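Enquirer: Sharing start_18.csv here; it has CSV, N, CA and C atoms.
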```csv
chain,number,residue,atom,x,y,z
A,1,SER,N,106.7,83.8,96.7
A,1,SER,CA,105.4,84.0,96.2
A,1,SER,C,104.8,85.3,96.5
A,2,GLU,N,103.7,85.7,95.8
A,2,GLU,CA,103.0,86.9,96.2
A,2,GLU,C,101.5,86.5,96.4
A,3,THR,N,100.9,87.0,97.5
A,3,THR,CA,99.5,86.8,97.7
A,3,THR,C,98.7,88.0,97.1
A,4,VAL,N,97.8,87.8,96.2
A,4,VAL,CA,97.1,88.8,95.5
A,4,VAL,C,95.6,88.6,95.7
A,5,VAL,N,94.9,89.7,96.1
A,5,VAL,CA,93.5,89.6,96.2
A,5,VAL,C,92.9,90.4,95.0
A,6,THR,N,92.1,89.7,94.3
A,6,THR,CA,91.5,90.3,93.1
A,6,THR,C,90.0,90.7,93.4
A,7,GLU,N,89.6,91.9,93.1
A,7,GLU,CA,88.3,92.4,93.3
A,7,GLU,C,87.9,93.3,92.2
A,8,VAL,N,86.6,93.5,92.0
A,8,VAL,CA,86.0,94.4,91.1
A,8,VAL,C,86.0,95.8,91.6
A,9,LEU,N,86.3,96.8,90.8
A,9,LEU,CA,86.3,98.2,91.2
A,9,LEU,C,85.0,98.5,91.9
A,10,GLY,N,85.0,99.3,93.0
A,10,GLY,CA,83.9,99.7,93.8
A,10,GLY,C,83.3,98.7,94.8
A,11,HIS,N,83.9,97.5,94.8
A,11,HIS,CA,83.4,96.5,95.7
A,11,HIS,C,84.3,96.4,96.9
A,12,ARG,N,83.8,96.5,98.1
A,12,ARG,CA,84.6,96.4,99.3
A,12,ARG,C,85.4,95.1,99.3
A,13,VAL,N,86.7,95.2,99.8
A,13,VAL,CA,87.6,94.1,99.6
A,13,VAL,C,88.4,94.0,100.9
A,14,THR,N,88.7,92.8,101.3
A,14,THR,CA,89.5,92.5,102.5
A,14,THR,C,90.8,91.9,102.2
A,15,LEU,N,91.9,92.5,102.8
A,15,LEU,CA,93.2,92.0,102.7
A,15,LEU,C,93.6,91.3,103.9
A,16,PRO,N,94.0,90.0,103.9
A,16,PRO,CA,94.2,89.2,105.1
A,16,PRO,C,95.5,89.6,105.8
A,17,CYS,N,95.4,89.7,107.1
A,17,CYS,CA,96.5,89.7,108.0
A,17,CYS,C,96.2,89.2,109.4
A,18,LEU,N,96.7,88.0,109.7
A,18,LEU,CA,96.4,87.3,110.9
A,18,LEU,C,97.6,87.0,111.7
A,19,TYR,N,97.6,87.3,113.0
A,19,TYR,CA,98.7,87.0,113.9
A,19,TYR,C,98.2,86.3,115.1
A,20,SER,N,98.3,84.9,115.1
A,20,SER,CA,97.6,84.1,116.0
A,20,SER,C,98.1,84.2,117.5
A,21,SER,N,99.4,84.7,117.6
A,21,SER,CA,100.0,84.9,118.9
A,21,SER,C,99.6,86.2,119.5
A,22,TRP,N,98.7,87.0,118.9
A,22,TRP,CA,98.3,88.3,119.4
A,22,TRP,C,98.0,88.3,120.9
A,23,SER,N,98.6,89.2,121.6
A,23,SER,CA,98.2,89.4,123.0
A,23,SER,C,97.8,90.9,123.1
A,24,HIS,N,96.7,91.2,123.6
A,24,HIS,CA,96.3,92.6,123.7
A,24,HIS,C,97.2,93.5,124.6
A,25,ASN,N,97.9,92.8,125.5
A,25,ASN,CA,98.8,93.6,126.3
A,25,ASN,C,100.2,93.9,125.7
A,26,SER,N,100.5,93.3,124.6
A,26,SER,CA,101.8,93.3,124.0
A,26,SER,C,101.8,93.9,122.5
A,27,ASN,N,100.8,93.5,121.7
A,27,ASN,CA,100.9,93.8,120.3
A,27,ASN,C,100.0,94.9,119.9
A,28,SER,N,100.3,95.5,118.7
A,28,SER,CA,99.5,96.5,118.0
A,28,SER,C,100.0,96.4,116.6
A,29,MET,N,99.3,97.2,115.7
A,29,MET,CA,99.6,97.1,114.3
A,29,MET,C,99.3,98.3,113.5
A,30,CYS,N,99.8,98.3,112.3
A,30,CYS,CA,99.4,99.3,111.3
A,30,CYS,C,99.5,98.8,109.9
A,31,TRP,N,98.7,99.3,109.0
A,31,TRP,CA,98.8,99.1,107.6
A,31,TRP,C,99.5,100.2,106.9
A,32,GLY,N,100.3,99.9,105.9
A,32,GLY,CA,100.8,100.9,105.0
A,32,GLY,C,100.6,100.6,103.5
A,33,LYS,N,100.6,101.6,102.7
A,33,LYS,CA,100.6,101.4,101.2
A,33,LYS,C,102.1,101.3,100.7
A,34,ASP,N,102.3,100.3,99.8
A,34,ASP,CA,103.5,100.0,99.1
A,34,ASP,C,104.6,99.3,100.0
A,35,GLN,N,104.8,99.9,101.2
A,35,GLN,CA,105.7,99.3,102.1
A,35,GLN,C,105.1,99.4,103.5
A,36,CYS,N,105.7,98.7,104.5
A,36,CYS,CA,105.2,98.9,105.8
A,36,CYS,C,105.6,100.2,106.4
A,37,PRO,N,104.7,100.8,107.3
A,37,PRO,CA,105.1,102.0,108.0
A,37,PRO,C,106.3,101.7,108.8
A,38,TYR,N,107.1,102.7,109.2
A,38,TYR,CA,108.2,102.6,110.1
A,38,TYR,C,107.7,102.2,111.5
A,39,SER,N,108.6,101.7,112.3
A,39,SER,CA,108.3,101.4,113.7
A,39,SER,C,107.7,102.7,114.3
A,40,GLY,N,106.6,102.5,115.1
A,40,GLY,CA,105.9,103.6,115.6
A,40,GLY,C,104.6,103.8,114.9
A,41,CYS,N,104.5,103.3,113.6
A,41,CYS,CA,103.3,103.3,112.8
A,41,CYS,C,102.7,104.7,112.5
A,42,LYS,N,103.6,105.6,112.2
A,42,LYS,CA,103.2,106.9,111.8
A,42,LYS,C,103.1,106.9,110.2
A,43,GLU,N,102.3,107.8,109.7
A,43,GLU,CA,102.0,107.9,108.3
A,43,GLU,C,101.3,106.6,107.8
A,44,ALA,N,100.6,105.9,108.7
A,44,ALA,CA,100.0,104.7,108.4
A,44,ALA,C,98.6,104.9,107.8
A,45,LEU,N,98.1,104.0,107.1
A,45,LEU,CA,96.7,104.1,106.6
A,45,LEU,C,95.7,103.9,107.7
A,46,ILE,N,96.0,103.0,108.6
A,46,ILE,CA,95.1,102.7,109.8
A,46,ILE,C,96.0,102.0,110.8
A,47,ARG,N,95.7,102.2,112.1
A,47,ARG,CA,96.5,101.8,113.2
A,47,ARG,C,95.6,101.3,114.3
A,48,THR,N,96.1,100.4,115.1
A,48,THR,CA,95.4,99.8,116.3
A,48,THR,C,96.3,99.9,117.5
A,49,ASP,N,95.7,99.7,118.7
A,49,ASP,CA,96.4,99.3,119.9
A,49,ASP,C,96.2,97.8,120.0
A,50,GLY,N,96.2,97.3,121.2
A,50,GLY,CA,96.0,95.9,121.4
A,50,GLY,C,94.6,95.4,121.2
A,51,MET,N,93.6,96.4,121.1
A,51,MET,CA,92.2,96.0,121.1
A,51,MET,C,91.4,96.5,119.9
A,52,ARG,N,91.7,97.7,119.5
A,52,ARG,CA,90.8,98.4,118.5
A,52,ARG,C,91.6,99.4,117.7
A,53,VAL,N,90.9,99.9,116.6
A,53,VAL,CA,91.5,100.9,115.7
A,53,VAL,C,91.6,102.2,116.5
A,54,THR,N,92.7,102.9,116.5
A,54,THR,CA,92.9,104.1,117.2
A,54,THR,C,93.1,105.3,116.3
A,55,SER,N,93.4,105.1,115.0
A,55,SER,CA,93.5,106.2,114.0
A,55,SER,C,93.4,105.6,112.6
A,56,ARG,N,93.0,106.5,111.7
A,56,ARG,CA,93.0,106.1,110.3
A,56,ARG,C,93.0,107.3,109.4
A,57,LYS,N,93.5,107.1,108.2
A,57,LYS,CA,93.7,108.2,107.2
A,57,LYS,C,92.4,108.7,106.6
A,58,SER,N,91.4,107.7,106.5
A,58,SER,CA,90.1,108.0,106.1
A,58,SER,C,89.2,106.9,106.3
A,59,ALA,N,87.9,107.1,106.2
A,59,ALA,CA,86.9,106.1,106.5
A,59,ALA,C,86.8,105.0,105.5
A,60,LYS,N,87.6,105.1,104.4
A,60,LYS,CA,87.7,104.0,103.5
A,60,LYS,C,88.3,102.7,104.1
A,61,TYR,N,89.1,102.9,105.2
A,61,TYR,CA,89.8,101.8,105.8
A,61,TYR,C,89.1,101.3,107.1
A,62,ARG,N,88.8,100.0,107.2
A,62,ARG,CA,88.2,99.4,108.3
A,62,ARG,C,88.8,98.1,108.7
A,63,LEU,N,88.9,97.9,110.0
A,63,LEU,CA,89.3,96.5,110.5
A,63,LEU,C,88.0,95.9,111.1
A,64,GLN,N,87.6,94.8,110.4
A,64,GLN,CA,86.3,94.2,110.7
A,64,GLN,C,86.4,92.9,111.5
A,65,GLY,N,87.6,92.5,111.7
A,65,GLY,CA,87.9,91.2,112.4
A,65,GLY,C,88.1,91.4,113.8
A,66,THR,N,88.3,90.3,114.6
A,66,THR,CA,88.5,90.4,116.0
A,66,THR,C,90.0,90.7,116.3
A,67,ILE,N,90.2,92.0,116.5
A,67,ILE,CA,91.6,92.5,116.7
A,67,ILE,C,92.3,91.9,117.9
A,68,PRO,N,91.6,91.7,119.1
A,68,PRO,CA,92.3,91.1,120.2
A,68,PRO,C,92.7,89.6,120.0
A,69,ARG,N,92.2,89.0,118.9
A,69,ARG,CA,92.6,87.6,118.6
A,69,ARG,C,93.5,87.6,117.4
A,70,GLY,N,94.0,88.8,117.0
A,70,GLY,CA,95.0,88.9,115.9
A,70,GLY,C,94.5,89.0,114.5
A,71,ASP,N,93.2,89.1,114.3
A,71,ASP,CA,92.7,89.3,113.0
A,71,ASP,C,92.6,90.7,112.7
A,72,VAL,N,93.7,91.2,112.0
A,72,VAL,CA,93.8,92.6,111.7
A,72,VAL,C,93.8,92.9,110.2
A,73,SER,N,93.0,92.0,109.6
A,73,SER,CA,92.8,92.1,108.1
A,73,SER,C,92.2,93.5,107.8
A,74,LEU,N,92.6,94.1,106.7
A,74,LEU,CA,92.2,95.4,106.2
A,74,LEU,C,91.0,95.3,105.3
A,75,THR,N,90.0,96.0,105.6
A,75,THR,CA,88.9,96.2,104.6
A,75,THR,C,88.9,97.5,104.0
A,76,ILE,N,88.9,97.6,102.7
A,76,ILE,CA,88.9,98.9,101.9
A,76,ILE,C,87.5,99.0,101.3
A,77,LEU,N,86.8,100.1,101.6
A,77,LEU,CA,85.5,100.4,101.1
A,77,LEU,C,85.6,101.2,99.7
A,78,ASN,N,84.7,100.8,98.8
A,78,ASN,CA,84.6,101.5,97.5
A,78,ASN,C,86.0,101.8,96.8
A,79,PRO,N,86.8,100.7,96.7
A,79,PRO,CA,88.1,101.0,96.1
A,79,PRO,C,88.0,101.5,94.7
A,80,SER,N,88.9,102.4,94.3
A,80,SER,CA,89.0,102.9,93.0
A,80,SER,C,90.4,102.5,92.5
A,81,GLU,N,90.8,102.8,91.3
A,81,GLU,CA,92.0,102.3,90.7
A,81,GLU,C,93.3,102.6,91.5
A,82,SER,N,93.4,103.8,92.1
A,82,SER,CA,94.5,104.2,92.8
A,82,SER,C,94.8,103.4,94.1
A,83,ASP,N,93.7,102.7,94.5
A,83,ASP,CA,93.8,101.8,95.7
A,83,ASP,C,94.5,100.5,95.4
A,84,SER,N,94.7,100.2,94.1
A,84,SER,CA,95.4,98.9,93.7
A,84,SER,C,96.9,99.1,94.2
A,85,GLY,N,97.5,97.9,94.4
A,85,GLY,CA,98.9,97.9,94.7
A,85,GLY,C,99.2,97.1,95.9
A,86,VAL,N,100.4,97.2,96.4
A,86,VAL,CA,100.9,96.4,97.6
A,86,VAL,C,100.4,97.1,98.9
A,87,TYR,N,100.0,96.3,99.8
A,87,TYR,CA,99.7,96.8,101.2
A,87,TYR,C,100.5,95.9,102.1
A,88,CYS,N,101.0,96.6,103.2
A,88,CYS,CA,101.9,95.9,104.1
A,88,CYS,C,101.3,96.1,105.5
A,89,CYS,N,101.2,94.9,106.2
A,89,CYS,CA,100.6,94.8,107.5
A,89,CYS,C,101.8,94.6,108.5
A,90,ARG,N,102.0,95.6,109.4
A,90,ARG,CA,103.1,95.6,110.4
A,90,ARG,C,102.6,95.3,111.8
A,91,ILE,N,103.0,94.1,112.3
A,91,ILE,CA,102.7,93.8,113.7
A,91,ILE,C,103.8,94.2,114.6
A,92,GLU,N,103.5,95.1,115.6
A,92,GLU,CA,104.4,95.5,116.6
A,92,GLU,C,104.6,94.4,117.6
A,93,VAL,N,105.8,94.0,117.8
A,93,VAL,CA,106.1,92.9,118.7
A,93,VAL,C,107.1,93.4,119.8
A,94,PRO,N,106.9,92.9,121.1
A,94,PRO,CA,107.9,93.4,122.1
A,94,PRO,C,109.3,93.1,121.8
A,95,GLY,N,110.2,94.0,122.2
A,95,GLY,CA,111.6,93.9,122.0
A,95,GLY,C,112.0,94.5,120.7
A,96,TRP,N,113.2,94.1,120.2
A,96,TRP,CA,113.9,94.8,119.1
A,96,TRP,C,114.0,93.8,117.9
A,97,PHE,N,113.8,94.3,116.7
A,97,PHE,CA,114.0,93.5,115.5
A,97,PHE,C,113.1,92.3,115.4
A,98,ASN,N,112.0,92.4,116.0
A,98,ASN,CA,111.0,91.3,116.1
A,98,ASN,C,109.7,91.5,115.3
A,99,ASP,N,109.5,92.7,114.8
A,99,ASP,CA,108.2,93.0,114.2
A,99,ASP,C,107.9,92.1,113.0
A,100,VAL,N,106.7,91.8,112.8
A,100,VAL,CA,106.2,91.0,111.7
A,100,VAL,C,105.7,91.9,110.6
A,101,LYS,N,106.0,91.6,109.3
A,101,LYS,CA,105.6,92.3,108.2
A,101,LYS,C,105.0,91.4,107.1
A,102,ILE,N,103.8,91.6,106.8
A,102,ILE,CA,103.0,90.7,105.9
A,102,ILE,C,102.5,91.6,104.7
A,103,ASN,N,102.8,91.1,103.5
A,103,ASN,CA,102.4,91.9,102.3
A,103,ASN,C,101.3,91.2,101.5
A,104,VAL,N,100.3,92.1,101.0
A,104,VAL,CA,99.2,91.6,100.2
A,104,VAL,C,99.0,92.6,99.1
A,105,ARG,N,98.9,92.1,97.8
A,105,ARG,CA,98.7,93.0,96.7
A,105,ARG,C,97.2,93.0,96.3
A,106,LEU,N,96.7,94.2,96.2
A,106,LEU,CA,95.3,94.3,95.7
A,106,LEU,C,95.3,94.6,94.2
A,107,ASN,N,94.6,93.7,93.5
A,107,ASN,CA,94.4,93.9,92.1
A,107,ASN,C,92.9,94.1,91.8
A,108,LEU,N,92.6,95.3,91.2
A,108,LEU,CA,91.3,95.7,90.9
A,108,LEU,C,91.0,95.5,89.4
A,109,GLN,N,89.8,95.0,89.1
A,109,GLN,CA,89.4,94.8,87.7
A,109,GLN,C,88.0,95.4,87.4
A,110,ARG,N,87.6,95.5,86.2
A,110,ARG,CA,86.3,95.8,85.8
A,110,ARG,C,85.4,94.6,85.8
A,111,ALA,N,85.9,93.4,85.6
A,111,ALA,CA,85.1,92.2,85.5
A,111,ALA,C,85.9,91.0,86.1
A,112,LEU,N,85.1,89.9,86.4
A,112,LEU,CA,85.7,88.7,86.8
A,112,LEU,C,85.7,87.6,85.7
A,113,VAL,N,84.6,87.8,84.8
A,113,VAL,CA,84.3,86.9,83.7
A,113,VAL,C,84.1,85.5,84.2
```
Starting from the coordinates I provided, produce the structure as structure tokens.
Expert:
Amino acid sequence: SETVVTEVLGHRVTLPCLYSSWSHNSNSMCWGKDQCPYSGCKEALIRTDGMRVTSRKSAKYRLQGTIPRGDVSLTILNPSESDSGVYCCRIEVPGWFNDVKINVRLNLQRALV
């Protein structure tokens, strides 16, 4: 299946990503467009440590949830058409070959009707 969030152009929108096992001493994350960023979370849209956002590509991207409890959902401010598409949430997990990758598609419309 695919999880799609539908929103009207220009309206802030939140794409869910929750990791309930989150431990601030162990986990961190990043979001990417189209596919997940590579391990290390470079070229990411937005990136955290175990507690808070540590870098982002622009102020369009915010994490408004409680990051130390694993709510690393992405909020996109004033989305325009180019912002539509697949977003991938990568959770960095201790060890090798253990990272979690969660995909959400953003669909933007002019109306909900």
Enquirer: In Å, with one decimal, what is the gap from atom N of residue 87 of chain A to atom N of residue 110 of chain A?
Expert: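 For atom N of residue 87 of chain A relative to atom N of residue 110 of chain A, the distance reads 18.4 Å.
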Enquirer: If we count all atoms listed in the file, what is near segment 38-49 of chain A at a cut-off of 6 Å, once residues fewer than 6 positions away on the same chain are taken out, given as a tab-separated table (two decimals) with N, CA and C atoms, keeping the file's coordinate frame?
Expert:
```tsv
chain	number	residue	atom	x	y	z
A	27	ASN	N	100.80	93.50	121.70
A	27	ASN	CA	100.90	93.80	120.30
A	27	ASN	C	100.00	94.90	119.90
A	28	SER	N	100.30	95.50	118.70
A	28	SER	CA	99.50	96.50	118.00
A	28	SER	C	100.00	96.40	116.60
A	29	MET	N	99.30	97.20	115.70
A	29	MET	CA	99.60	97.10	114.30
A	29	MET	C	99.30	98.30	113.50
A	30	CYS	N	99.80	98.30	112.30
A	30	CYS	CA	99.40	99.30	111.30
A	30	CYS	C	99.50	98.80	109.90
A	31	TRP	N	98.70	99.30	109.00
A	31	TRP	CA	98.80	99.10	107.60
A	31	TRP	C	99.50	100.20	106.90
A	32	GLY	N	100.30	99.90	105.90
A	32	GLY	CA	100.80	100.90	105.00
A	32	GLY	C	100.60	100.60	103.50
A	55	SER	N	93.40	105.10	115.00
A	55	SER	CA	93.50	106.20	114.00
A	55	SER	C	93.40	105.60	112.60
A	56	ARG	N	93.00	106.50	111.70
A	56	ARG	CA	93.00	106.10	110.30
A	56	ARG	C	93.00	107.30	109.40
A	57	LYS	N	93.50	107.10	108.20
A	57	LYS	CA	93.70	108.20	107.20
A	57	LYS	C	92.40	108.70	106.60
A	58	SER	N	91.40	107.70	106.50
A	58	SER	CA	90.10	108.00	106.10
A	58	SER	C	89.20	106.90	106.30
```
Enquirer: Just the residues within 6 Å of residue 36 of chain A, please, counting all atoms listed in the file, with nothing from its chain fewer than 5 positions along; format it as a PyMOL selection string.
Expert: chain A and resi 31+88-90
Enquirer: Would you list the contacts of residue 25 of chain A as a compact mmCIF listing (two decimals) with N, CA and C atoms, in the frame of the given file, taking every protein, DNA or RNA residue within 8 Å and counting all atoms listed in the file, but skipping same-chain residues closer than 4 positions in sequence?
Expert:
```
# COMPACT_ATOMS: atom_id res chain seq x y z
N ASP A 49 95.70 99.70 118.70
CA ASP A 49 96.40 99.30 119.90
C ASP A 49 96.20 97.80 120.00
N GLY A 50 96.20 97.30 121.20
CA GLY A 50 96.00 95.90 121.40
C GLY A 50 94.60 95.40 121.20
N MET A 51 93.60 96.40 121.10
CA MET A 51 92.20 96.00 121.10
C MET A 51 91.40 96.50 119.90
N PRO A 68 91.60 91.70 119.10
CA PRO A 68 92.30 91.10 120.20
C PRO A 68 92.70 89.60 120.00
```
Enquirer: Of the candidates A:26, A:34, A:20, A:53, which one gets nearest to residue 94 of chain A if we count only N, CA and C atoms?
Expert: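 Distance minimum relative to residue 94 of chain A lands on A:26.
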Enquirer: When you count all atoms listed in the file, which of these residues is closest to residue 62 of chain A: A:6, A:75, A:14, A:80?
Expert: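 Using all atoms listed in the file, residue 62 of chain A sits closest to A:75.
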Enquirer: So how far away is atom C of residue 79 of chain A from atom CA of residue 15 of chain A, in Å?
Expert: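 These two atoms are separated by 13.5 Å.
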Enquirer: Rank nothing, just name the residue among A:67, A:86, A:104, A:37 nearest to residue 16 of chain A, using all atoms listed in the file.
Expert: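 Between A:67, A:86, A:104, A:37, the residue approaching residue 16 of chain A most closely is A:104.
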Enquirer: For a test of reading the model, state the distance in Å between atom CA of residue 101 of chain A and atom CA of residue 81 of chain A, rounded to one decimal.
Expert: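 A separation of 24.3 Å between them.
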Enquirer: What's the 6 Å shell around residue 72 of chain A, counting all atoms listed in the file, without same-chain residues fewer than 3 positions away, as a PyMOL selection string?
Expert: chain A and resi 16-19+63+65-67
Enquirer: Identify which of the residues A:54, A:64, A:98, A:84 lies closest to residue 7 of chain A, counting only C-alpha atoms when measuring atom-to-atom distances.
Expert: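 Nearest to residue 7 of chain A: A:84.
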Enquirer: Identify all residues of chain A in helix (DSSP H, G or I) (DSSP on the backbone) and supply them as a PyMOL selection string.
Expert: chain A and resi 67-69+81-83
Enquirer: Taking into account only N, CA and C atoms, which residue in the set A:111, A:77, A:59, A:106 is nearest to residue 13 of chain A?
Expert: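 Of A:111, A:77, A:59, A:106, the one nearest residue 13 of chain A is A:77, counting only N, CA and C atoms.
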Enquirer: Per DSSP on the backbone, filter chain A down to the residues in strand (DSSP E or B) and report them as a count of residues only.
Expert: 46
Enquirer: When you count only N, CA and C atoms, which of these residues is closest to residue 33 of chain A: A:61, A:9, A:100, A:85?
Expert: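 For residue 33 of chain A, the nearest of the candidates is A:85.
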